[PDB]
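The structure under discussion appears below in the form of structure tokens.
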Amino acid sequence: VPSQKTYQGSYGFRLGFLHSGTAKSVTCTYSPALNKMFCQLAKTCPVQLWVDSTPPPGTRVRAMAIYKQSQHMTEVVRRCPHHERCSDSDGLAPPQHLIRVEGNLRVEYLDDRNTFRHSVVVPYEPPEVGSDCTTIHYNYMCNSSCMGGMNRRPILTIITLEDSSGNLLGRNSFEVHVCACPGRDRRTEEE
Amino acid sequence: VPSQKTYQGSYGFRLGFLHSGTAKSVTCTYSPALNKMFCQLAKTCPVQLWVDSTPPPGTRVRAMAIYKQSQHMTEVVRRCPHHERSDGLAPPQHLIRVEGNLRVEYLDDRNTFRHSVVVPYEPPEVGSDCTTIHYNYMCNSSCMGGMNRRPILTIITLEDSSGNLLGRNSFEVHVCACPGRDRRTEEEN
Amino acid sequence: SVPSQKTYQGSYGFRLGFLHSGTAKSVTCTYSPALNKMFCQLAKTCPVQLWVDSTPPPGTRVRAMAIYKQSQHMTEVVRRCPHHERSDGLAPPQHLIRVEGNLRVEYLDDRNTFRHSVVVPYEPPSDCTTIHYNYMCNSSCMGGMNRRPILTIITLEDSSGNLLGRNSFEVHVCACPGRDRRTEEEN
Amino acid sequence: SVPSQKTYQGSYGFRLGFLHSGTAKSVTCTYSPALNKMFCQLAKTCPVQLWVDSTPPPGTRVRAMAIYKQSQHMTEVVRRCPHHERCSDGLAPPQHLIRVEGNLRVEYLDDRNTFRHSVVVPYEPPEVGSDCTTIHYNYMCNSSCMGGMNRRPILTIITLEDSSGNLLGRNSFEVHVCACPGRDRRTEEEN
Ligand SMILES: *C[C@@H]1C(=O)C2CCN1CC2
Ligand SMILES: *C[C@@H]1C(=O)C2CCN1CC2
Ligand SMILES: *C[C@@H]1C(=O)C2CCN1CC2
Ligand SMILES: *C[C@@H]1C(=O)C2CCN1CC2
Ligand SMILES: *C[C@@H]1C(=O)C2CCN1CC2
Ligand SMILES: *C[C@@H]1C(=O)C2CCN1CC2
Ligand SMILES: *C[C@H]1C(=O)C2CCN1CC2
Ligand SMILES: *C[C@H]1C(=O)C2CCN1CC2
Ligand SMILES: [Zn+2]
Ligand SMILES: [Zn+2]
Ligand SMILES: [Zn+2]
Ligand SMILES: [Zn+2]
């Protein structure tokens, strides 16, 4: 069972999220009170990476989903049989993988040989000129309600910073809810 | 014994029914308080499919009847001997038919022997918010050699083109001559 | 064409009554005899009393239906606005008028007029029977009533649907019924 | 692009009230009716009362936003100074000038098109017996902060909005944040 313990590590690795509000039309929104991201099926979910000092070149950024409830934590999070069916829009990603990265041609996907867990990794890139953080656009490819997939079970996304050799540099996590109206879901859950 | 657990699933699948009232002339009427449809032998029984987003083409909608009481739940629901003795498409033993759909498909489960009927899912028409399937029940709830006054539950399942279950809902049915009167009388309790 | 609004006391002497609630700031609903008009709040209890001179037979029913008062809008179906349509597990989301606290309530979408109504069994009483109506839209709801006055028509029907009596009253749904009634009665 | 500051009592008779705190030396906040101007200390409670003629619909929300008062600064976004905006933040974004204290349902917005900051809380009707609702605001920079407001006067705009975001009411007041509100109010009223 993968570790979810927060670790800023030596580079001061933290996650940030846009302050999007909860209007009805918002496509994603993060709740600080719940440390919970609310996003829509296969739509952009921006995650910011904040560091104290720049990690070495070749540093990588990995995302992995796990079930939040301890009696489900041993089950690998995957797409439901319905959505895992191949389509013409899978592109670079394995059809079973819940978490994709959008807009990064150097994305890499892993089925772990021993643990069978899915993850997606991209190169760490420093913020652009005039920016203080690096943003990754994740996509979640099932709904929280999917029968035969997550099946209403809550999940966490674990983001790890690792060096080119795979050693842990830092780790942080957040809960994710994938549904049609993130603004309403967040406003209702905070109530 | 097939599952009856309600799941809206990824597409927000739920059932809806016309608000038909209980006047004498009504040939079908649904009771929200009882989650129970009252309809007439071999007459139109419209069931609406409501979804929060559109399932892809190839999606299918299956209906199956089971007995509601656990004493009878392992017995296959079928027409009585009298009413078996068609439309050319439906097996004579099946209680539930779909009318007005040339793409209807009927299944005798090879292992459980249960009957079901399945049509392609079609999205709502222009201006409508739901898809309607016209079911026909081919036996009276009181048919001696069939249901014999035992209550039944109709299970509606949404499945994708590969057979994966997408969602499920159900309702009780009562088939008899005067649906309006039967719904009024049963709601007095 | 438009459903009849003409008063009819019928064989049972059917009339409506309303509480004499006054117009204090606290009142959640109040009826104006001078305007034959009920002032109530969104989704809150709006009590209507049924008065009869003799008891209707068992199986008698009581229907409520909203119609626009002005001749220019009389043929348009009164419905909830799109906002409020987006509850109780029994009422259709498009219906403006609900009945609260009656598990035997029945809702009708008329197959040919498309008009909405809500019906409950008539129960004998007290010296009157009370039905708690809820109005699920404001009178000013854009895309719904949109500041067009409505009437509620109350009909008494036998078990076979024959009319036994009919009465009506105007309805205004807004935030402060006491203030609204006092203001409208001033002018 | 500049938000409206036009006072709009709207259909519910929306008005702002303030405590009658006086100008003693030790007062931590004080409002000047003559100036329609609040004087408060950095990061200290600033009570603002909401008064309505009739109770707004369930799901109503109350938004606060700061803008510069002078015409030649009105297009600049009001934000915290670099010194103060360094990451006690709790639920609030570090760049936001205005926080709400003591409300776990608070929501912060970075407008995606205008880039302006605001903070929104649910409208709660007054408790049975009370005539008004109070929100506790905190201003997280001084008026004098170099790089931040940099001695420029600001207005706070309070908007009442329905659950869908439609304008129900608007009011505003000037704000001066400094160490001794009593002395600053008394002195500014001397002129
Ligand atoms: C953290 C970075 C920035 O500096 C701005 C706002 C959010 N990201 C991208 C642009
Ligand atoms: C659900 C749909 C609609 O939108 C109307 C009423 C019932 N069906 C067909 C037409
Ligand atoms: C319920 C059924 C019917 O449809 C008629 C009346 C009573 N039974 C037998 C015949
Ligand atoms: C008609 C009945 C009564 O007997 C009184 C007045 C109104 N309702 C309830 C109390
Ligand atoms: C009648 C209605 C209300 O409830 C408020 C005040 C006046 N109109 C519009 C909003
Ligand atoms: C005017 C209205 C009312 O009728 C009650 C008391 C004061 N406001 C809000 C609810
Ligand atoms: C659809 C299926 C294939 O045909 C290959 C590509 C994607 N998926 C696994 C192997
Ligand atoms: C509305 C305001 C008052 O009038 C006092 C009681 C409640 N609130 C604070 C002081
Ligand atoms: Zn899925
Ligand atoms: Zn039969
Ligand atoms: Zn409305
Ligand atoms: Zn500062």
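These numbers come from the heavy atoms of this one structure, side chains and all, not from hydrogens, waters or symmetry mates. Residue numbering restarts at 1 for every chain, and letters A, B, ... go by the order of the sequence lines.
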For [X] versus [Y], what's the shortest heavy-atom pair and its separation?
{"X": "C:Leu96", "Y": "C:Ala66", "answer": "CD2-CB, 4.2 Å"}
{"X": "C:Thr129", "Y": "C:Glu123", "answer": "OG1-O, 2.6 Å"}
{"X": "D:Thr55", "Y": "D:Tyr12", "answer": "O-CE2, 3.7 Å"}
{"X": "B:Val26", "Y": "B:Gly21", "answer": "CG2-O, 3.8 Å"}
{"X": "C:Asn134", "Y": "C:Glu100", "answer": "OD1-OE1, 3.3 Å"}
{"X": "B:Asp182", "Y": "B:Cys176", "answer": "OD2-CB, 3.3 Å"}

Side chains of [X] and [Y], heavy atoms from C-beta outward: is any pair under 4.5 Å?
{"X": "B:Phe171", "Y": "B:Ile156", "result": "yes"}
{"X": "C:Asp109", "Y": "C:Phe114", "result": "no"}
{"X": "B:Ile133", "Y": "B:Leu49", "result": "yes"}
{"X": "B:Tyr30", "Y": "B:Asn35", "result": "yes"}

B:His94 meets the ring pair (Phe, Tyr, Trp, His ring centres under 6.0 Å) criterion, sequence neighbours left out, with B:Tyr106, B:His115
Have a look at C:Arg15 and tell me which of C:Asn167, C:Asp53, C:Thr7 forms a side-chain hydrogen bond (donor to acceptor under 3.5 Å, both in side chains) with it. C:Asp53
Using the test side-chain contact (heavy atoms from CB on, under 4.5 Å), find all partners of C:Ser117 that sit at least two apart in sequence or belong to another chain.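 side-chain contact (heavy atoms from CB on, under 4.5 Å) check on C:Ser117 returns C:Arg63, C:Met65, C:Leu108.
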Between C:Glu184 and C:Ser32, is there a side-chain donor-acceptor contact under 3.5 Å, judged purely by atom types and distance?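 The answer is no; no qualifying pair exists.
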Determine whether the side chains of D:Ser163 and A:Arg187 contain a donor N or O and an acceptor N or O closer than 3.5 Å.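 There is no such pair between these side chains.
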Would C:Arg61 and C:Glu106 pass as an ion pair if we require N to O under 4.0 Å?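 Looking at C:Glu106 together with C:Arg61, the answer is yes, because their closest N to O distance falls below 4.0 Å.
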